[PDB]
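My questions all concern the structure below.
Chain IDs A, B, C, D, E, F, G and H follow the sequence of writing; residue 1 opens each chain.
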């Protein structure tokens, strides 16, 4: 039942984001209300999380493949739908496996950003 | 001089009188036979019902009394017995499962059950090491009602056995009973959780083996014989006399049990 | 000469949940009777 | 039910001379022990500073309130109350709480002088349903005993149909034995000792 | 008052989330 | 050939049922047939002595298993050989008690229904009822 | 259900044939309700007969009342699971 | 159509239309009696104070079970949900008839008052990590049950 409900919620959110894309392209993201903004952000994160590198795609991509489990996927998607990962950077879900890898990539991105900002301030 | 403690737990007056006559005739009056309800040594308990003060309920397949059908089989069936209170009072095996649902505290009961399970696991692992087997089989009733007592039994038994160094395989009741009655040679040591179903399975195994006397280990420390039929009671009396130090009498009683199970007293 | 028999397949015994009569006693002991029914179904599925 | 059974099923009838009185005594002992464990320890004894009876207190309260009946004035619930009304409410609340604890369940007065919260109302309704159900069950079991039917409850089952459905006979035999034992047994307790 | 009187993978994920949030807060502070 | 091989493997325990159900006489009769014991005994004669002995032992153990755990514990205490006679005596005693408790016609009807549900032959039911009546008086 | 069959027949007669039911049909319906023991349907049919026809038979009304009182005394006034108390998270929605 | 890019104004037609849309969701066919009763309630506004996401649970409680009996506030005689034989009576006589109109309105008022008092208040008060998930599961289960 958890799998079914998560799938249905994901489909509804993606459909709503697809519908709202047209308004975004006509009136701008600012015109949308806060609820629509949250839905848009969550939908983009879901879209980027659905991406998954393959162990046979090393030559095409240049990165190690990932194997994900059904329970891990369901739990991660449920958390994302509930909003447990709103503060996470959007790009962290791109070309990754589970939520653990997502958090590791977010940590790496934060560390690199802090180092780059420190260098810029030093300049 | 010496005393033999006869305990009755759900036994028939006919079987009790048969046992009394057998012991009197065989001993000749040297060792008196006193009736009581609890003992730690030189005690024989007649009747399916478990007596008071017993924590281990081991039984084996004696070589002398092997049935022709089950000749050569070697498996040790040990049942764990929780402390028994008065019949009116709630037994531990049921209190530990009902108080949890009711919300009542179950600390002392849990501790007592843990002590009993640890003793039973120690006896079972000792038997397994003596036999040379590497893995034992735990038997737990899968009834949804017994979702706490069985869990505690499994946890404690597996912890103790893993600490000792042997392996454990958990199973239900119906499948294990069918295996023990059809192909018992595939099981070396089987421990049973404290349940009426396990007690009945142990009794059925003892009966189908051809009639044997079970051994009960009490908190006081020792071994007491247990029987439920005429042949089982005769074997228990023979073993008790052998323990007392009577070999010829024990052999005669064993021969009478093997020959005329239902009328051993007249046979000897 | 085919389609003879499977042998190693046993149909699962379809359990039937025990049904109690509608009475004040049933209402009072709903929990106990339902627990008995659950135990019966579990025993049916587990054999004994 | 393929396979001829070695034996034909018969009623175990093991309760040949197990008196319902003895069964109820066993149930009462079990309940007493369980309730003692649940409560822990009896609360320490208390010595009354003053000696009086509940009936005497009720009479005194009624006499006190009778003198101010003319002075007492009705008003809307949301409007502020009067001293007479406040004294009445407090005294009646305490008195009826004591009565309900003691065992006198006058729901009509309790719902009036003790209910001030929806939680209280829900508790009152649940308690009333429980009491009425217990009374009806006691009456029905009394009638059943008079009729001579087995005291214990019995399910609505077609044992021939269960036999036909089941292949193995052991689970069916166990179920029949359990249900027959339940029917033979009487699930009643010594309410006198429980209340004591 | 009575309620007060009466009385690892998820933990690892929570720890990682806390660490990432702390890193974001730290870079914001910088 | 395949049926006999599967039956021998199942009795030996090499191959279990699809649902891992216990290997009981009732299930064996349901799957293979009523004459499984006779056909297996005939087939085993084409096997070495050890296999024939194993077949006989497994058949006897299955016949013993045909009873329930409670019945085995109550009646098999004095030996499997005496188990059948003990069970028959217990059933006859139960029938006598039923007759003494609830008349004779009610006992007759109850025995008829019990035989109907238990697949007992009419001749066997008549023998049992006559035996219990004779024991009563 | 004889009651359901008769109500369907009445609907077919009145709507798809333009024929007004007579008092005999309603009396038969009330008799069936009384025989079945459906005191609530008996009450509804009594109200319908009072509204359209010239009242409901006293014998049938009394029989319905007696059946209702018998059910009330025996405890079968309403279903059991409805009387059962269930919280927000307790309702076992299948 | 006009509310695509602007804040909505909660008028009676919009509220009732949203509730009807939520009701239309279903997996299995619904019996005529339950369907017509729910539609009549929504039309007459007994759901106007009910939440859109909780309409399905409201309907489940109204149809599969009852609250008047549970809370001891029963006053009707023949108009009860568990009497499935009232479907033909409803087919014969319109709901907007003196025979059933009063009983239906009383039952709907009682159910709505009880729901708002007890269940919806708890739903709005839910604040946790597990209670919210349980409520979501319950809502979906009701949605695909009725």
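We adopt the following convention: a residue touches a chain if its C-beta (ideal position, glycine included) is under 8 Å from a C-beta of that chain, and two chains touch if they have at least 3 such contacts.
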| item | value |
| --- | --- |
| Contacts common to chain A and chain F (chain labels) | none |
| Result of counting contacting C-beta pairs for B-D and G-H, higher pair | G-H |
| Chain whose averaged C-alpha position falls nearest the assembly-wide average | C |
| Gap in Å, rounded to a whole number, between the CA centres of chain E and chain A | 21 |
| Inter-chain centre distance, chain A versus chain C - centres from mean C-alpha coordinates, in Å | 47 |
| Centroid distance [mean C-alpha coordinates] between chain F and chain B, Å | 27 |
| Length of the line joining the C-alpha centres of chain B and chain H, rounded to whole Å | 62 |
| In chain B, residues with contacts to at least two other chains | 174-175, 177, 197 |
| Chain G residues counted as touching two or more neighbouring chains | 75, 79, 83-85 |
| Shared-contact residues (touching 2 or more other chains) in chain H | 141 |
| Every chain pair meeting the contact rule | A-E, A-H, B-C, B-D, B-F, C-D, C-F, C-G, D-F, D-G, D-H, G-H |
| Residue ranges of chain F in contact with chain C within the complex | 2-3, 6-7, 10, 15-19, 21-22, 27, 30-32, 69 |
| In the complex, chain D residues that touch chain G | 126, 129, 136, 140 |
| Chain B-touching residues of chain D, taken from the complex the two chains share | 26, 29-30, 33-34, 37-38 |
| Touching residues on chain H, where the partner in the complex is chain A | 4-5, 7, 132, 136-137, 140-141 |
| Chain H contact footprint on chain G (complex, rising order) | 1, 3-4, 7-8, 10-11, 14, 38, 40-41, 43-44, 47-48, 51, 78-79, 81-86, 88-89, 91, 93-94 |
